[PDB]
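Reviewing the structure listed below.
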Amino acid sequence: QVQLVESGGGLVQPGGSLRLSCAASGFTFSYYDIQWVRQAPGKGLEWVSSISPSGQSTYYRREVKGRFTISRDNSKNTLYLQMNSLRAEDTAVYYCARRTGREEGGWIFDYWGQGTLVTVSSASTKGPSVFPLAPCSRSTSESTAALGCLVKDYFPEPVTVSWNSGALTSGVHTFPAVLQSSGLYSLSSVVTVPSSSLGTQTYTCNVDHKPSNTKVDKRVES
Amino acid sequence: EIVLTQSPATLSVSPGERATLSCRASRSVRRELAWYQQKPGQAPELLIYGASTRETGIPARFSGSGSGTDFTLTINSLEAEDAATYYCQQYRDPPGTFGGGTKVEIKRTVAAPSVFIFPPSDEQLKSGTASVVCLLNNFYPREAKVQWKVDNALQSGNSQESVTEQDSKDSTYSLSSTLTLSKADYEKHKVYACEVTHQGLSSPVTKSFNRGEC
């Protein structure tokens with residue numbers, strides 16, 4: 001099985017720098033022209049850099065040329081991309097992909113890496129306030145019920161949210177990242193269970209906004 | 001730097017029906033195109049290569065054909081899992097140019113939302129700030145309206161909405177209407193309700209709570 005995985009970025013102050021590190025096995029890496037393709041927030045895919053299956057050939061994007069540097073470690077089956085002089089606009093999710101169009105065909109993108117988020121923000125990291133939201137009526141009378149976790153103030157955008165350690169699945173909706181007047185981001189994680197099962201499962205959301213090195217668990221009580 | 005444009009963007013098509021999306025290259029790319037299905041989240045996945053040849057492992061539903069400028073990714077039968085933002089890539093030029101991203105929405109039978117109201121927690125009340133969260137859960141279509149009423153008085157120019165990218169298991173959208181209000185103003189009022197208006201709702205049915213009653 002082909003397993004391309006773009007390792008990790010985050011949030012760097014404008015003009016900073018940050019090394020990205022895609023990684024793949026399940027195919028002989030030394031045979032293909034692996035390459036990076038950044039993706040704006042809502043916009044489309046935009047190929048950024050490309051390295052040959054040898055290492056002796058680098059091809060850059062019009063603007064990125066001279067700021068980001070693509071590298072390959074085909075001994076340790078690894079792909080890297082180091083940023084420098086990061087402009088504001090480069091806030092994208094950087095995917096990596098193998099490019100074998102074979103002899104017949106130029107450059108098709110066979111498999112795409114998970115794609116990590118690299119943000120260029122003037123602003124600084126902010127830990128998330130987790131408030132437990134639930135209703136005024138324990139006995140709703142409607143056998144369908146709902147409760148959540150308002151993940152109030154965070155930054156940058158990546159924040160893992162699930163329930164019951166990862167057991168609650170049927171009903172779990174994790175709302176998209178919402179920008180605020182302040183500038184902080186917010187998300188609400190909700191789950192739809194029965195009204196009867198108020199105390200049959202301890203409804204506990206597990207919040208984890210990895211950038212601020214935080215982890216916050218909350219059993220939605222009262 | 002051939003610019004690829006996808007017409008249109010919102011392509012909602014009923015299940016089983018053919019969803020036909022386009023991609024018009026600026027230059028001529030001569031049958032050297034690619035198509036992708038980037039479902040919500042998941043990194044894009046190849047569909048058609050060489051602007052015709054369907055990649056192995058992808059169903060015949062996707063049948064791509066055209067050359068130079070006229071490109072059309074066709075889907076003879078549409079399913080719930082087929083709800084995705086689609087991309088076209090040119091490879092005539094050595095870099096590789098992409099299209100806007102045609103979102104396909106699976107047209108479903110209209111089902112009304114299950115509305116829930118969320119009064120703020122005492123931890124948030126300690127921070128001063130208060131948030132009321134109106135929750136509309138799993139309804140068709142995306143097209144719905146959420147209004148407010150703090151002591152009947154409609155709270156306008158303040159409420160932040162957040163909608164979920166359509167579900168796989170049922171083809172439904174769910175939205176949140178977070179309402180920020182400082183403790184000083186929050187305490188001055190008691191009536192709290194979000195008004196709901198939808199195609200399923202016979203009449204706009206609103207769920208409400210009062211500050212004191214809990």
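Labels for the structure tokens follow display order: chains A, B, ..., residues from 1 in each chain, ligands from 1.
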
Could you give me, as a PyMOL selection string, the residues within 8 Å of residue 29 in chain B, counting only C-alpha atoms and dropping anything in the same chain fewer than 4 positions from it? chain B and resi 25+33+67-69+90-93

Go ahead and write the residues just picked, N, CA, C and O atoms, as a compact mmCIF listing (two decimals), in the first residue's frame.
```txt
# COMPACT_ATOMS: atom_id res chain seq x y z
N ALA B 25 -9.70 25.14 -20.36
CA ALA B 25 -8.33 25.63 -20.33
C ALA B 25 -8.22 26.93 -21.14
O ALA B 25 -8.95 27.09 -22.13
N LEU B 33 -5.44 16.12 -19.68
CA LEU B 33 -6.07 16.58 -18.45
C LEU B 33 -6.22 15.49 -17.39
O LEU B 33 -5.99 14.31 -17.67
N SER B 67 -10.88 17.62 -25.50
CA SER B 67 -9.52 17.93 -25.93
C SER B 67 -9.36 19.41 -26.17
O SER B 67 -10.27 20.06 -26.66
N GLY B 68 -8.17 19.91 -25.87
CA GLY B 68 -7.88 21.32 -26.07
C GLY B 68 -8.50 22.26 -25.06
O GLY B 68 -7.78 22.86 -24.26
N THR B 69 -9.83 22.44 -25.11
CA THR B 69 -10.49 23.35 -24.20
C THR B 69 -11.69 22.70 -23.57
O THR B 69 -11.87 22.80 -22.37
N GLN B 90 -4.33 20.38 -15.72
CA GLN B 90 -3.70 20.28 -17.02
C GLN B 90 -2.26 19.79 -16.82
O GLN B 90 -1.62 20.12 -15.81
N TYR B 91 -1.77 19.00 -17.77
CA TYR B 91 -0.40 18.57 -17.72
C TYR B 91 0.32 18.71 -19.06
O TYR B 91 1.43 18.18 -19.20
N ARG B 92 -0.24 19.49 -20.02
CA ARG B 92 0.40 19.81 -21.31
C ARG B 92 1.69 20.59 -20.97
O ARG B 92 2.78 20.20 -21.41
N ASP B 93 1.56 21.60 -20.08
CA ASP B 93 2.65 22.42 -19.55
C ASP B 93 3.38 21.62 -18.46
O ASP B 93 2.77 20.85 -17.73
```

I'd like the neighbourhood of residue 185 in chain A as number ranges by chain, where a residue qualifies if any of its atoms comes within 7 Å (using only C-alpha atoms), though same-chain residues fewer than 6 positions away should be ignored. A: 153-155, 157, 177-179

Can you list every residue of chain B that has an atom at most 6 Å from chain A, with its nearest atom pair and the distance in Å to one decimal, using only C-alpha atoms, ordered by chain then number, as CSV?
```
residue,atom,partner,partner_atom,distance
B:43,CA,A:114,CA,5.7
B:91,CA,A:107,CA,6.0
B:100,CA,A:44,CA,5.6
B:118,CA,A:135,CA,5.6
B:164,CA,A:175,CA,5.9
B:214,CA,A:136,CA,4.3
```

Out of A:12, A:220, A:119, A:184, which residue has the shortest atom-to-atom distance to residue 41 in chain A when counting only C-alpha atoms?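 For residue 41 in chain A, the nearest of the given residues is A:119.
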
Who sits within 6 Å of residue 89 in chain B, only C-alpha atoms, same chain under 5 positions skipped, as an mmCIF file with N, CA, C and O atoms, in the first residue's frame:
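Wrote it out as selection_36.cif, contents follow:
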```cif
data_model
loop_
_atom_site.group_PDB
_atom_site.id
_atom_site.type_symbol
_atom_site.label_atom_id
_atom_site.label_comp_id
_atom_site.auth_asym_id
_atom_site.auth_seq_id
_atom_site.Cartn_x
_atom_site.Cartn_y
_atom_site.Cartn_z
ATOM 1 N N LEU B 33 -5.440 16.119 -19.680
ATOM 2 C CA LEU B 33 -6.071 16.581 -18.448
ATOM 3 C C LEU B 33 -6.223 15.485 -17.392
ATOM 4 O O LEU B 33 -5.991 14.308 -17.670
ATOM 5 N N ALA B 34 -6.574 15.882 -16.165
ATOM 6 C CA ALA B 34 -6.745 14.984 -15.039
ATOM 7 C C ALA B 34 -7.911 15.427 -14.201
ATOM 8 O O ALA B 34 -8.194 16.620 -14.144
ATOM 9 N N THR B 97 -1.546 22.955 -13.905
ATOM 10 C CA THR B 97 -2.531 23.966 -13.495
ATOM 11 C C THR B 97 -3.841 23.339 -13.016
ATOM 12 O O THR B 97 -4.305 22.373 -13.614
ATOM 13 N N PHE B 98 -4.472 23.935 -11.987
ATOM 14 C CA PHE B 98 -5.719 23.425 -11.425
ATOM 15 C C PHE B 98 -6.897 24.326 -11.646
ATOM 16 O O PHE B 98 -6.733 25.501 -11.973
#
```

DSSP strand (DSSP E or B) selection over range 60-175 of chain A, as a ChimeraX atom specification: /A:65,68-73,78-82,92-97,112,116-120,126,130-133,144-155,160-163,168,173-174

From B:110, B:71, B:94, B:80, residue lying nearest residue 2 in chain B [only C-alpha atoms]: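 Looking at the shortest contact to residue 2 in chain B, the residue is B:94.
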
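Every residue of range 94-181 of chain B found in alpha helix (DSSP H) when DSSP is run on the backbone appears here: residues 122, 123, 124, 125 and 126 of chain B.
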
Determine, counting only C-alpha atoms, which protein, DNA and RNA residues have an atom within 9 Å of an atom of residue 148 in chain B; residues of the same chain fewer than 5 positions away are not included. Present the result as a compact mmCIF listing (two decimals) with C-alpha atoms, in the first residue's frame.
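Writing done, so here's part_19.txt:
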```
# COMPACT_ATOMS: atom_id res chain seq x y z
CA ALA B 153 -35.64 41.79 20.37
CA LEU B 154 -33.87 40.34 17.34
CA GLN B 155 -30.13 40.33 17.87
CA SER B 156 -28.79 41.59 14.51
CA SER B 159 -24.36 36.18 15.30
CA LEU B 179 -24.11 34.46 19.67
CA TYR B 192 -33.64 33.80 24.95
CA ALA B 193 -34.68 32.10 21.64
CA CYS B 194 -33.44 31.39 18.11
CA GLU B 195 -36.13 31.47 15.45
CA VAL B 196 -35.92 28.74 12.77
```

Hey, what's within 7 Å of range 197-211 of chain A if we count only C-alpha atoms and toss same-chain stuff fewer than 2 positions away? As a PDB file with N, CA and C atoms, in the first residue's frame, please?
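Result saved to part-v1.pdb:
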```pdb
ATOM      1  N   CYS A 149     -19.713  20.863  23.234  1.00  0.00           N
ATOM      2  CA  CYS A 149     -18.498  21.446  23.784  1.00  0.00           C
ATOM      3  C   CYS A 149     -18.091  22.651  22.969  1.00  0.00           C
ATOM      4  N   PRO A 156      -3.296  28.470  16.151  1.00  0.00           N
ATOM      5  CA  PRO A 156      -3.871  28.369  14.795  1.00  0.00           C
ATOM      6  C   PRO A 156      -4.915  27.263  14.660  1.00  0.00           C
ATOM      7  N   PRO A 158      -5.709  24.130  13.572  1.00  0.00           N
ATOM      8  CA  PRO A 158      -5.813  22.695  13.893  1.00  0.00           C
ATOM      9  C   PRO A 158      -6.172  22.327  15.327  1.00  0.00           C
ATOM     10  N   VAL A 159      -7.365  21.761  15.521  1.00  0.00           N
ATOM     11  CA  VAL A 159      -7.799  21.313  16.841  1.00  0.00           C
ATOM     12  C   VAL A 159      -8.635  20.016  16.756  1.00  0.00           C
ATOM     13  N   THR A 160      -8.029  18.878  17.152  1.00  0.00           N
ATOM     14  CA  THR A 160      -8.677  17.558  17.121  1.00  0.00           C
ATOM     15  C   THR A 160      -9.800  17.503  18.153  1.00  0.00           C
ATOM     16  N   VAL A 161     -11.022  17.128  17.750  1.00  0.00           N
ATOM     17  CA  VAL A 161     -12.129  16.995  18.701  1.00  0.00           C
ATOM     18  C   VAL A 161     -12.961  15.718  18.408  1.00  0.00           C
ATOM     19  N   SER A 162     -13.122  14.829  19.433  1.00  0.00           N
ATOM     20  CA  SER A 162     -13.934  13.585  19.409  1.00  0.00           C
ATOM     21  C   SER A 162     -14.676  13.363  20.781  1.00  0.00           C
ATOM     22  N   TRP A 163     -15.505  12.308  20.922  1.00  0.00           N
ATOM     23  CA  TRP A 163     -16.231  12.081  22.173  1.00  0.00           C
ATOM     24  C   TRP A 163     -16.117  10.659  22.667  1.00  0.00           C
ATOM     25  N   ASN A 164     -16.245  10.469  23.989  1.00  0.00           N
ATOM     26  CA  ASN A 164     -16.180   9.169  24.651  1.00  0.00           C
ATOM     27  C   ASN A 164     -14.858   8.479  24.305  1.00  0.00           C
ATOM     28  N   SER A 165     -13.736   9.235  24.350  1.00  0.00           N
ATOM     29  CA  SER A 165     -12.391   8.744  23.996  1.00  0.00           C
ATOM     30  C   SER A 165     -12.210   8.468  22.494  1.00  0.00           C
ATOM     31  N   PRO A 194     -29.828   9.545  22.743  1.00  0.00           N
ATOM     32  CA  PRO A 194     -31.242   9.501  23.162  1.00  0.00           C
ATOM     33  C   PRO A 194     -31.517  10.366  24.410  1.00  0.00           C
ATOM     34  N   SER A 195     -32.792  10.695  24.683  1.00  0.00           N
ATOM     35  CA  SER A 195     -33.153  11.465  25.883  1.00  0.00           C
ATOM     36  C   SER A 195     -33.077  10.566  27.132  1.00  0.00           C
ATOM     37  N   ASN A 213       0.280  23.125  22.735  1.00  0.00           N
ATOM     38  CA  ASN A 213       0.713  21.993  23.567  1.00  0.00           C
ATOM     39  C   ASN A 213      -0.321  21.665  24.655  1.00  0.00           C
ATOM     40  N   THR A 214      -1.636  21.900  24.343  1.00  0.00           N
ATOM     41  CA  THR A 214      -2.786  21.680  25.228  1.00  0.00           C
ATOM     42  C   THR A 214      -3.568  20.418  24.888  1.00  0.00           C
ATOM     43  N   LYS A 215      -4.327  19.943  25.862  1.00  0.00           N
ATOM     44  CA  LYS A 215      -5.223  18.813  25.781  1.00  0.00           C
ATOM     45  C   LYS A 215      -6.255  19.093  26.887  1.00  0.00           C
ATOM     46  N   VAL A 216      -7.556  19.201  26.528  1.00  0.00           N
ATOM     47  CA  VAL A 216      -8.625  19.497  27.492  1.00  0.00           C
ATOM     48  C   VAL A 216      -9.800  18.525  27.370  1.00  0.00           C
ATOM     49  N   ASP A 217     -10.063  17.700  28.406  1.00  0.00           N
ATOM     50  CA  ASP A 217     -11.192  16.759  28.381  1.00  0.00           C
ATOM     51  C   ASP A 217     -12.351  17.296  29.231  1.00  0.00           C
ATOM     52  N   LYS A 218     -13.587  17.132  28.756  1.00  0.00           N
ATOM     53  CA  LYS A 218     -14.738  17.636  29.490  1.00  0.00           C
ATOM     54  C   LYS A 218     -15.936  16.720  29.430  1.00  0.00           C
ATOM     55  N   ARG A 219     -16.364  16.216  30.585  1.00  0.00           N
ATOM     56  CA  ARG A 219     -17.555  15.383  30.660  1.00  0.00           C
ATOM     57  C   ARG A 219     -18.672  16.366  30.845  1.00  0.00           C
ATOM     58  N   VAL A 220     -19.562  16.441  29.862  1.00  0.00           N
ATOM     59  CA  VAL A 220     -20.666  17.387  29.870  1.00  0.00           C
ATOM     60  C   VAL A 220     -21.673  17.060  30.979  1.00  0.00           C
TER      61      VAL A 220
END
```

Can you list, as number ranges by chain, every protein, DNA or RNA residue that comes within 10 Å of residue 16 in chain A when you count only C-alpha atoms, leaving out same-chain residues fewer than 6 positions away? A: 83-87, 120

Got a sec: who's within 7 Å of residue 136 in chain B, counting only C-alpha atoms, leaving out chain neighbours fewer than 6 positions off, as a short mmCIF file (atom, residue, chain, number, x, y, z; two decimals) with N, CA, C and O atoms, in the first residue's frame?
```
data_model
loop_
_atom_site.label_atom_id
_atom_site.label_comp_id
_atom_site.auth_asym_id
_atom_site.auth_seq_id
_atom_site.Cartn_x
_atom_site.Cartn_y
_atom_site.Cartn_z
N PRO B 113 -34.97 20.28 10.17
CA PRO B 113 -33.96 20.15 11.22
C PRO B 113 -34.52 19.84 12.60
O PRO B 113 -35.66 20.18 12.91
N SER B 114 -33.67 19.21 13.46
CA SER B 114 -33.95 18.92 14.87
C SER B 114 -33.18 20.01 15.61
O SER B 114 -31.96 19.98 15.66
N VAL B 115 -33.90 21.05 16.07
CA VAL B 115 -33.32 22.24 16.70
C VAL B 115 -33.11 22.06 18.21
O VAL B 115 -33.93 21.42 18.87
N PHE B 116 -31.98 22.57 18.74
CA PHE B 116 -31.62 22.50 20.16
C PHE B 116 -31.03 23.85 20.57
O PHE B 116 -30.32 24.46 19.79
N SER B 174 -25.73 20.48 8.72
CA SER B 174 -26.03 20.88 10.09
C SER B 174 -25.34 22.21 10.38
O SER B 174 -24.18 22.38 10.00
N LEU B 175 -26.03 23.17 11.04
CA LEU B 175 -25.42 24.49 11.29
C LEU B 175 -25.52 24.98 12.74
O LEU B 175 -26.41 24.60 13.48
N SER B 176 -24.58 25.85 13.10
CA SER B 176 -24.47 26.46 14.42
C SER B 176 -24.59 27.95 14.27
O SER B 176 -24.06 28.51 13.32
#
```

What separation in Å, quoted to one decimal, exists between CA of residue 19 in chain B and CA of residue 112 in chain B?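 CA of residue 112 in chain B lies at a distance of 25.3 Å from CA of residue 19 in chain B.
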
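Shortest atom-to-atom contact with residue 189 in chain B among B:150, B:46, B:135, B:106: B:150, counting only C-alpha atoms.
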